[PDB]
Ligand SMILES: NCCCCC[C@@H](C[SeH])C(=O)O
Ligand SMILES: C[As](C)(=O)[O-]
Ligand SMILES: [Zn+2]
Ligand SMILES: [Zn+2]
Ligand SMILES: [Zn+2]
């Protein structure tokens, strides 16, 4: 059923999280960090060889239900880790010295919906008071300038901020996990599509983070690294001026907790296919994105 070169439905990805953990017990363990609105387990894979006092990098995919290449990329990252550990000096060093928390799908209820009913759904599938319109934008539901700019207060809108910050079970589960592990998590990476960008804070206001120069230089070099493979062109910069203002994002929230390396990736393409990126582009998109993620990982490891 599962293939890393096709899009996999939730049943298949869930079964994969179990099987990949079973097949690689020395590098992977699996937990659930909460349940979704509909009661599905939100699985998280911890990827790394055990060791003392290891720092960690946290990566999630699948915030937005229709962005199928995001879900495929978290799977590809785990595929690379298990395949190349032992053979490739950098990935082996990475897994020996840090752990990666990989959350392959945050918004599982929306993801199921995109397979059963509406390919173009974005939000969660929770209800809203006073209306029949469904869902909240999880990337406007974090407590970071919550509901102030670039988010809608209308529950029927695609960027609805929700009833309160962390009103969604899924964003509360993610925020609780990160707060519970803040002393080990040194970087936060959140994978989306489309439009080919590497963003860092801030998006909730036009303001820049304390380590702006460092983030700017790191994002510039990771885009240069991404382009080596296929010439794919990314832009980069602080979210508010690089893409648009958007309050309530998990990247900004994570940075405000003290996680100094916080990045949002918008993968391929630039709009020819948009969210319906064909399966035939999974491999090239994931391979080039692996080069930027490994670049960032190496940097974090080298600047502890
Ligand atoms: N904190 C958001 C970073 C910039 C906007 C990201 C895009 C990904 Se689809 C969005 O959530 O609208
Ligand atoms: C092109 As977009 C910010 O709606 O993924
Ligand atoms: Zn998105
Ligand atoms: Zn996007
Ligand atoms: Zn590869």
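Just so it is clear, chain A uses Swiss-Prot numbers, and the residues here are 113-416, in order.
Technique stated in the header: X-ray crystallography, 1.7 Å.
Each residue, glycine too, has its Cβ placed from N, Cα and C.
Of the residues 114, 304, Swiss-Prot places 304 in the same Zn(2+) site as 176, 179.
If you draw a 10 Å sphere around the CB of residue 186 (disulfide bond), it holds 23 other CB atoms from the protein chains shown.
Shown in sequence order, 267, 268 are the residues of the chain, 6+ apart in sequence, with a C-beta less than 8 angstroms from the C-beta of residue 245 (disulfide bond).
Among the recorded positions listed (173, 304, 378), 304 have a CB atom closer than 6 Å to some atom of ligand 3, in sequence order. Spatial neighbours are here defined as Cα atoms within 10 angstroms of one another, and by that definition the neighbours of residue 306 (substrate binding site) among the recorded positions 186, 273, 378 are 378.
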